[PDB]
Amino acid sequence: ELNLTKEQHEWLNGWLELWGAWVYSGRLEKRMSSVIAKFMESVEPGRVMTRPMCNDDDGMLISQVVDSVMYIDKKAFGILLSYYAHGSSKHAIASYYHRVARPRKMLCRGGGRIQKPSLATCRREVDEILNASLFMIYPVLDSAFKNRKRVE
């Protein structure tokens, strides 16, 4: 129901694309996030990084913010990592989540019947998860950048 404004969304998305490129290269200290460390264990040592990545300071700050906000919802954290860190597309994530989808009570069109959600529902849910993650991350990251600019 709640989304970010266009400017806030594009800003946070640029930052998160840079941060995901930085994380996927293996420059994040494993101690800074157990979730991201476990996610990185299944990545090949020799990687081809053709995406822009931020510096190490910004990477560390963004990682702190993302870990502090997303460690509660491990599913959304994993989706966020697959999208920004690994670079998978929303369609591919929705496809994987449609393949391994437990039957659920589908409503309205589904007649409140238990059945596996359609691919369209999985696409919508992935979009919703990403938008909600960004909506919650925005203010924390903004305040972090502002406090870094002030204290320094």
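The numbering used is simple: start at 1 and walk along the sequence shown.
Annotation for 97-105 versus 115-123: the higher mean temperature factor (C-alpha) is found in 97-105. Annotation for 11-19 versus 138-146: the higher mean temperature factor (C-alpha) is found in 138-146. The residue among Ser42, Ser34, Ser68, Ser88 whose C-alpha carries the highest B-factor in the deposited model is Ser42.
Taking only the listed residues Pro52, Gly46, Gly110, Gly59, the entry reports the highest CA temperature factor at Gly46.
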